[PDB]
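Here is the structure we will look at.
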Amino acid sequence: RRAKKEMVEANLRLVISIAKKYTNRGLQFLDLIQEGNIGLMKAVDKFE
DNA sequence: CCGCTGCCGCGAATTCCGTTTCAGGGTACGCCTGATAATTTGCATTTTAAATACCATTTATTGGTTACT
Numbered sequence: 373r374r375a376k377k378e379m380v381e382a383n384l385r386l387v388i389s390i391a392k393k394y395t396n397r398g399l400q401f402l403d404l405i406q407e408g409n410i411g412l413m414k415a416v417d418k419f420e
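Here is the structure:
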């Protein structure tokens, strides 16, 4: 657990970029960001 | 050491009328699978050419002849 936190906290900027590419008047910025963070947690789980 | 500044809140008439019910974000794709929404038959209740089984009180035919143009 304490290992995965490090990658998750490292790649938040990546999430920000991908999200802002979709922000143009959808839900709201922060909702997109948080949903992307869910996705990032999934990806960290699946990466080899 | 009990004075003054600067923030932030809050408020600003009445009815009708009119009118365009109206638009704008800029991001993928192909699998299995269950999950409903469609579509297919039979059985209860009417309704059955009518057919049927009894009570009923009210004309009909009636029983005709005895008087008589």
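So for the first sequence, full-length UniProt numbering puts the first residue at 373; every next one is plus one.
In this text, a Cβ means the ideal position worked out from N, Cα and C, and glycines have one as well.
Three-state secondary structure assigned by DSSP to residue i
i: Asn-409; result: helix
i: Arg-373; result: coil
i: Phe-401; result: helix
i: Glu-420; result: coil
Where the alpha helix (DSSP H) through residue i begins and ends
i: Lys-392; result: 384-392
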